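As stored in my_file.pdb (PDB, C-alpha atoms):
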```
MODEL        1
ATOM      1  CA  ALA A   1      31.221 145.330  68.053
ATOM      2  CA  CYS A   2      30.686 141.927  66.451
ATOM      3  CA  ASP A   3      33.593 140.390  64.611
ATOM      4  CA  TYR A   4      31.327 140.461  61.582
ATOM      5  CA  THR A   5      28.055 142.275  60.908
ATOM      6  CA  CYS A   6      26.009 141.295  57.835
ATOM      7  CA  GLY A   7      22.826 143.343  57.626
ATOM      8  CA  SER A   8      21.484 142.868  61.114
ATOM      9  CA  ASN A   9      23.259 139.574  61.761
ATOM     10  CA  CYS A  10      26.070 139.453  64.286
ATOM     11  CA  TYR A  11      28.733 136.831  63.675
ATOM     12  CA  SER A  12      31.781 135.900  65.731
ATOM     13  CA  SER A  13      35.012 134.628  64.199
ATOM     14  CA  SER A  14      34.119 131.204  65.555
ATOM     15  CA  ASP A  15      30.731 131.438  63.784
ATOM     16  CA  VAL A  16      32.546 132.166  60.529
ATOM     17  CA  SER A  17      35.061 129.332  61.126
ATOM     18  CA  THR A  18      32.220 126.959  61.740
ATOM     19  CA  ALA A  19      30.470 127.860  58.466
ATOM     20  CA  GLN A  20      33.819 127.884  56.664
ATOM     21  CA  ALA A  21      34.677 124.441  58.005
ATOM     22  CA  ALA A  22      31.362 122.978  56.861
ATOM     23  CA  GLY A  23      31.772 124.533  53.448
ATOM     24  CA  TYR A  24      35.346 123.357  53.090
ATOM     25  CA  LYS A  25      34.576 119.695  53.947
ATOM     26  CA  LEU A  26      31.896 119.614  51.229
ATOM     27  CA  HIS A  27      34.329 121.217  48.825
ATOM     28  CA  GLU A  28      37.253 118.856  49.376
ATOM     29  CA  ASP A  29      34.786 115.979  49.160
ATOM     30  CA  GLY A  30      33.219 117.304  45.952
ATOM     31  CA  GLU A  31      29.769 117.360  47.541
ATOM     32  CA  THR A  32      27.096 120.013  47.981
ATOM     33  CA  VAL A  33      23.891 120.752  49.813
ATOM     34  CA  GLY A  34      20.751 122.715  48.933
ATOM     35  CA  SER A  35      18.855 123.372  45.714
ATOM     36  CA  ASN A  36      21.567 125.896  44.782
ATOM     37  CA  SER A  37      24.423 123.484  45.443
ATOM     38  CA  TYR A  38      26.581 125.062  48.143
ATOM     39  CA  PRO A  39      29.345 125.449  48.202
ATOM     40  CA  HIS A  40      29.967 126.681  44.685
ATOM     41  CA  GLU A  41      32.413 129.125  43.133
ATOM     42  CA  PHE A  42      32.109 132.762  44.252
ATOM     43  CA  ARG A  43      32.668 134.793  41.050
ATOM     44  CA  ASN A  44      33.394 138.056  42.850
ATOM     45  CA  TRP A  45      31.635 140.059  40.135
ATOM     46  CA  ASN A  46      31.693 142.953  42.617
ATOM     47  CA  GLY A  47      35.491 142.985  42.602
ATOM     48  CA  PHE A  48      36.184 142.686  46.301
ATOM     49  CA  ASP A  49      39.887 142.971  46.978
ATOM     50  CA  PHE A  50      40.595 139.719  48.798
ATOM     51  CA  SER A  51      44.127 139.025  50.038
ATOM     52  CA  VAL A  52      44.008 135.279  49.594
ATOM     53  CA  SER A  53      44.270 133.546  46.259
ATOM     54  CA  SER A  54      41.380 132.503  44.045
ATOM     55  CA  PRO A  55      39.333 130.694  42.933
ATOM     56  CA  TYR A  56      36.900 131.514  45.745
ATOM     57  CA  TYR A  57      33.981 129.496  47.053
ATOM     58  CA  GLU A  58      30.913 130.771  48.922
ATOM     59  CA  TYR A  59      28.962 128.880  51.578
ATOM     60  CA  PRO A  60      25.981 130.290  53.507
ATOM     61  CA  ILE A  61      26.317 131.343  57.110
ATOM     62  CA  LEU A  62      22.999 131.368  59.004
ATOM     63  CA  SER A  63      21.576 133.872  61.487
ATOM     64  CA  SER A  64      20.658 131.004  63.829
ATOM     65  CA  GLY A  65      24.267 130.018  64.239
ATOM     66  CA  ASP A  66      23.365 126.630  62.719
ATOM     67  CA  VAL A  67      25.476 125.119  59.954
ATOM     68  CA  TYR A  68      23.741 125.428  56.571
ATOM     69  CA  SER A  69      22.271 122.066  55.553
ATOM     70  CA  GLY A  70      20.132 122.714  52.493
ATOM     71  CA  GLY A  71      17.398 125.103  53.549
ATOM     72  CA  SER A  72      16.953 128.754  52.655
ATOM     73  CA  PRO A  73      20.515 130.153  52.598
ATOM     74  CA  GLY A  74      19.540 133.681  53.533
ATOM     75  CA  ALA A  75      21.732 136.587  52.443
ATOM     76  CA  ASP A  76      25.023 135.879  54.264
ATOM     77  CA  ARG A  77      28.049 133.975  52.862
ATOM     78  CA  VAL A  78      31.551 133.142  54.017
ATOM     79  CA  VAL A  79      34.056 133.090  51.154
ATOM     80  CA  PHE A  80      37.052 130.745  51.249
ATOM     81  CA  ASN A  81      39.577 129.128  48.855
ATOM     82  CA  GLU A  82      41.000 125.600  48.272
ATOM     83  CA  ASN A  83      43.821 126.325  50.742
ATOM     84  CA  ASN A  84      41.057 126.527  53.358
ATOM     85  CA  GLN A  85      41.787 130.236  53.895
ATOM     86  CA  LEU A  86      39.059 132.754  54.743
ATOM     87  CA  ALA A  87      38.737 135.289  51.915
ATOM     88  CA  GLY A  88      35.946 137.300  53.510
ATOM     89  CA  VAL A  89      32.356 137.570  54.720
ATOM     90  CA  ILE A  90      29.696 138.973  52.386
ATOM     91  CA  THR A  91      25.933 139.552  52.241
ATOM     92  CA  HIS A  92      23.184 140.461  49.779
ATOM     93  CA  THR A  93      21.512 142.616  52.449
ATOM     94  CA  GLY A  94      22.078 146.283  51.636
ATOM     95  CA  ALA A  95      22.965 145.458  48.052
ATOM     96  CA  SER A  96      20.820 145.539  44.944
ATOM     97  CA  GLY A  97      20.056 142.559  42.763
ATOM     98  CA  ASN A  98      22.459 139.632  42.921
ATOM     99  CA  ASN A  99      25.182 141.946  44.097
ATOM    100  CA  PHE A 100      27.017 141.642  47.373
ATOM    101  CA  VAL A 101      28.530 144.041  49.882
ATOM    102  CA  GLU A 102      31.189 143.005  52.389
ATOM    103  CA  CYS A 103      29.953 142.604  55.935
ATOM    104  CA  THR A 104      31.449 145.086  58.386
TER
ENDMDL
END
```

Encoded form (structure tokens):
Amino acid sequence: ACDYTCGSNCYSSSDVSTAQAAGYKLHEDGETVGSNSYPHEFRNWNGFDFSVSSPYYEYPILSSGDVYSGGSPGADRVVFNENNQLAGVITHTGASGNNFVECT
């Protein structure tokens, strides 16, 4: 099985690291990309029990394996914190409204 499965997208740990790394660089630099300004704070309204400290930040992870650069973000997000630690991988797919479910 894939390291991470979001909806029908299969992601490896390196895929996640790659998206995480792109998101983190933008974060430490105070910059963003896309009409929705990624990365931005992940509010965790769904109450996921992450083991790393908050605040959390979400950055899109794309089904093409490409690093997000401002297009349509799709449903998948990697969540990380200012210590550059991976909090988790989440997706809108399978959820209702603006809610999220953790990828499996």

Check your understanding: Of the candidates A:66, A:82, A:102, A:31, which one gets nearest to residue A:52 if we count only C-alpha atoms?
Key ->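 Distance minimum relative to residue A:52 lands on A:82.
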
Exercise for review: Name the residues captured by the PyMOL selection byres ((chain A and resi 51) around 10) when it is applied to the shown file; answer as a PyMOL selection string.
Suggested key: chain A and resi 48-50+52-54+85-88

Review point. Residue A:100: which residues within 6 Å, counting only C-alpha atoms, same-chain residues fewer than 4 positions away excluded, as a PyMOL selection string?
Key: chain A and resi 91-92+95

Exercise for review: On this file, the PyMOL selection byres ((chain A and resi 21) around 12) gives some set of residues; write that set as JSON, numbers by chain.
Suggested key: {"A": [13, 14, 15, 16, 17, 18, 19, 20, 22, 23, 24, 25, 26, 27, 28, 39, 58, 59, 60, 61, 67, 68, 78, 79, 80, 81, 82, 83, 84, 85, 86]}

Check your understanding: What do you get, as a ChimeraX atom specification, if you spell out every residue that the PyMOL selection byres ((chain A and resi 94) around 12) selects here?
Key -> /A:5-8,75-76,90-93,95-104

Exercise for review: Determine, counting only C-alpha atoms, which protein, DNA and RNA residues have an atom within 10 Å of an atom of residue A:35; residues of the same chain fewer than 4 positions away are not included. Present the result as a PyMOL selection string.
Suggested key: chain A and resi 70-73

Restricted to C-alpha atoms, what would the selected residues look like written as a PDB file, in the coordinates of the input?
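The file below, again.pdb, is the result:
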```pdb
ATOM      1  CA  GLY A  70      20.132 122.714  52.493  1.00  0.00           C
ATOM      2  CA  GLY A  71      17.398 125.103  53.549  1.00  0.00           C
ATOM      3  CA  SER A  72      16.953 128.754  52.655  1.00  0.00           C
ATOM      4  CA  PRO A  73      20.515 130.153  52.598  1.00  0.00           C
TER       5      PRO A  73
END
```

Exercise for review: Please measure the separation of atom CA of residue A:47 and atom CA of residue A:12, giving the value in Å to one decimal.
Suggested key: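 The value is 24.5 Å.
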
**Study point:** For atom CA of residue A:41 and atom CA of residue A:55, the interatomic separation in Å (one decimal)
**Key:**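 Those two atoms sit 7.1 Å apart.
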
**Study point:** Nearest-residue call for residue A:33, choices A:10, A:69, A:77, A:3, using all atoms listed in the file
**Key:**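 Going through A:10, A:69, A:77, A:3 one by one, the smallest distance to residue A:33 is for A:69.
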